[PDB]
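Shown next, in structure tokens, is the structure this report addresses.
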Amino acid sequence: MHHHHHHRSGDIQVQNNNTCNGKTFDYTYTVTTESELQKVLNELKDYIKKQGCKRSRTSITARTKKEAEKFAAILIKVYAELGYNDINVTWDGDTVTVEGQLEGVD
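Counting in the deposited numbering, the sequence shown runs from 1 upward without gaps.
Here you go:
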């Protein structure tokens, strides 16, 4: 097979938008391989902690809802390191939109 990197294949567009957003340049990273996705979440998590009073939103381009599940398991994990292990997720299919839980427990 002809192996190549062309922006037209399974390009995964990760977009994070922060509530209490300070110096938030873009938080947008497009990875064709999940090996690179690891570094996205390493730096991203660190920032969301500062640019985020309680939570920030994320939406990742999943080409299948099967992928949306495992990127959800990653985003839930990332915000679980920041605070609450329970995180808010919605599986669309073309996208997985994950935002951290608001402090509401009794």
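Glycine residues also receive a C-beta, built at the ideal position from the N, C-alpha and C atoms.
Asked: Where residue 89 sits in the DSSP three-state scheme; Found: strand
Asked: Closest residue to residue 56 among 64, 39, 45 (Cα-Cα distance); Found: 45
Asked: Alpha helix (DSSP H) runs contained entirely in the region 29 to 92, provided each spans 4 or more residues; Found: 34 to 50, 65 to 82
Asked: CB contact flag (residue 96, residue 73, <7 Å); Found: no
Asked: Buried versus exposed, by CB contacts within 10 Å (16 or more), residue 42; Found: exposed
Asked: CB contact flag (residue 75, residue 40, <7 Å); Found: no
Asked: Residue 104 classed as buried or exposed, judged by whether at least 16 other C-beta atoms fall within 10 angstroms; Found: exposed
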